[PDB]
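Just one chain is shown here, as structure tokens, and it is the form deposited without its partner chain.
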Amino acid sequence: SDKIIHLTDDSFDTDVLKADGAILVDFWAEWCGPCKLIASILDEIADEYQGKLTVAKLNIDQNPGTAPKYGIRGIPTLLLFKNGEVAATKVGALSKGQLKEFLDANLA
């Protein structure tokens, strides 16, 4: 977890919106089962894509203000921001392979 950014409603506008590059935001909560699966593979993802991707997590129970700004309906939901704009969206549980496919198709 040394490369995973911990976001809050208070730092989202700065850490995400004012950043140029690609940032993957993982919206999760402790009660969400599928979220735990995705969480166990992020450290590997952050290492493999470092230099071209930053991985961040935001707990919606502790920080309830951000998700509604993007109309998120449920979790897990992964949003890929590029220079402060949503460039890709993925909802539901996914295997390591599917996540890697989602990233390769959307990054550069």
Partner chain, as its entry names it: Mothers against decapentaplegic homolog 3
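Residue numbers count along the first chain shown, from 1.
Higher mean CA temperature factor between 25 to 33 and 76 to 84: 25 to 33, per the PDB entry. In this crystal structure, the stretch out of 92 to 100 and 14 to 22 whose C-alpha atoms carry the higher mean B factor is 92 to 100. In the PDB entry, the Cα temperature factor peaks, among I38, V55, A67, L58, at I38. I4 sits in the middle third of its chain by CA B factor, as recorded in the PDB entry.
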